[PDB]
Q: 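Sending over a structure as structure tokens; questions will come in a sec.
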Amino acid sequence: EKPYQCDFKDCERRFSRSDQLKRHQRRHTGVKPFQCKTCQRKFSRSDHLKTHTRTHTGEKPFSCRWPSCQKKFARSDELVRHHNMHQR
DNA sequence: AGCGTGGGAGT
DNA sequence: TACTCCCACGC
Ligand code: NA
Ligand SMILES: [Zn+2]
Ligand SMILES: [Zn+2]
Ligand SMILES: [Zn+2]
């Protein structure tokens, strides 16, 4: 199921796909290909750079679906937490 | 709350 | 492979 093993010392992680292993291995190497042009912070992943950028732009693409609630969020996981809050 | 950081997955 | 999206841990 997860044939791509991480061979770094004392790491037991295994992955379904080669690209998942490559991304994981950036944790060990510290290689960070992406940079925010606003604050120069570096990231190992482009999706992390994308959501970080919303800290500068104020974009909040995720709207609460509860009727009459107008709250918005920069990330889908913030909206999940918020929805969990409406539903006790 | 706000967000760095992470795996699992669709494409 | 890479880009993208989801949900999640932990502060
Ligand atoms: Na990418
Ligand atoms: Zn590893
Ligand atoms: Zn920045
Ligand atoms: Zn709401």
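Below, read A as the first sequence line, B as the second, and so on, with proteins coming before strands; counting in each chain starts at 1.
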Q: So does A:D77 reach the base of C:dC6 with its side chain, donor to acceptor, closer than 3.5 Å?
A: no
Q: For residues A:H52 and A:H48, establish whether the separation of their ring centroids is below 6.0 Å.
A: no
Q: What is the separation between atom CG on A:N84 and atom P on C:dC7, rounded to the nearest whole Å?
A: 10 Å
Q: What nucleotide, of C:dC5, C:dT1, B:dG4, holds the atom closest to the side chain of A:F43?
A: B:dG4
Q: Provide, to the nearest angstrom, the distance between the CD atom belonging to A:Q20 and the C1' atom belonging to B:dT11.
A: 13 Å
Q: Among B:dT5, B:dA9, B:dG2, find the nucleotide with the atom closest to the side chain of A:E78.
A: B:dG2
Q: Look at the side chain of A:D19 and decide which nucleotide, out of C:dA8, C:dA2, B:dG7, has an atom nearest to it.
A: C:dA2
Q: Just how far, in rounded Å, is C1' of C:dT1 from NE2 of A:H24?
A: 18 Å
Q: Quick one: which of B:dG8, C:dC5, C:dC3 gets closest to the side chain of A:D47?
A: C:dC5
Q: Taking atom P of C:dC5 as reference, at what distance in whole Å does atom CG of A:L49 sit?
A: 13 Å
Q: Can you tell me how far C1' of C:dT4 sits from CZ of A:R45, to the nearest Å?
A: 10 Å
Q: In this structure, how many angstroms lie between the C1' atom of C:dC3 and the NZ atom of A:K22, rounded?
A: 13 Å
Q: Rounded to the nearest Å, what distance is computed from the NZ atom of residue A:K32 to the P atom of nucleotide B:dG4?
A: 12 Å
Q: Which of the following nucleotides, B:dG4, B:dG7, C:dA2, is nearest to the side chain of A:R75?
A: B:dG4
Q: Could you please name the option among C:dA2, B:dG8, B:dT5 that lies closest to any side-chain atom of A:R17?
A: C:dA2
Q: Of all the heavy-atom pairs spanning A:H83 and A:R65, show the shortest one and how long it is.
A: NE2-N, 3.2 Å
Q: Which atom names give the shortest non-hydrogen contact between A:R26 and A:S44, and what distance separates them?
A: NH1-O, 2.8 Å
Q: Any base atoms under 4.0 Å from A:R81, or only sugar-phosphate, or nothing? Heavy atoms, all strands.
A: base
Q: Ignoring hydrogens and geometry beyond distance, is the side chain of A:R26 in donor-acceptor contact with the base of B:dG6 at under 3.5 Å?
A: no
Q: Between A:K2 and B:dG7, does any side-chain N or O lie under 4.0 Å from OP1 or OP2?
A: no
Q: What nucleotide among C:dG10, B:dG4, B:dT11 has an atom nearest to a side-chain atom of A:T55?
A: B:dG4
Q: Closer than 4.0 Å, any side-chain N/O of A:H52 to the OP1 or OP2 of B:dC3?
A: no
Q: If I compare all heavy atoms of A:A74 with all of A:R54, which pair ends up nearest, and what's the gap?
A: O-NH1, 2.8 Å
Q: With a non-hydrogen cut-off below 4.0 angstrom, is A:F15 in contact with a base, only sugar-phosphate, or nothing?
A: sugar-phosphate
Q: Hey, is the side chain of A:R27 poking within less than 4.0 Å of OP1 or OP2 on B:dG7, counting only N and O atoms?
A: yes
Q: Find the distance A:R54:CZ to B:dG4:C1' and express it as a whole number of Å.
A: 15 Å
Q: Should A:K50 be listed as having a side-chain N or O under 4.0 Å from OP1 or OP2 of C:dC3?
A: no
Q: Kindly state whether the pair A:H48 / B:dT5 counts as stacked, where counting means centroids closer than 5.5 Å and planes tilted less than 30° apart.
A: yes
Q: Considering non-hydrogen atoms only, spot the tightest contact between A:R14 and A:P3 and give its length.
A: NH2-CA, 3.8 Å
Q: Are A:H24 and A:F15 an aromatic pair by the rule of ring centers under 6.0 Å?
A: yes
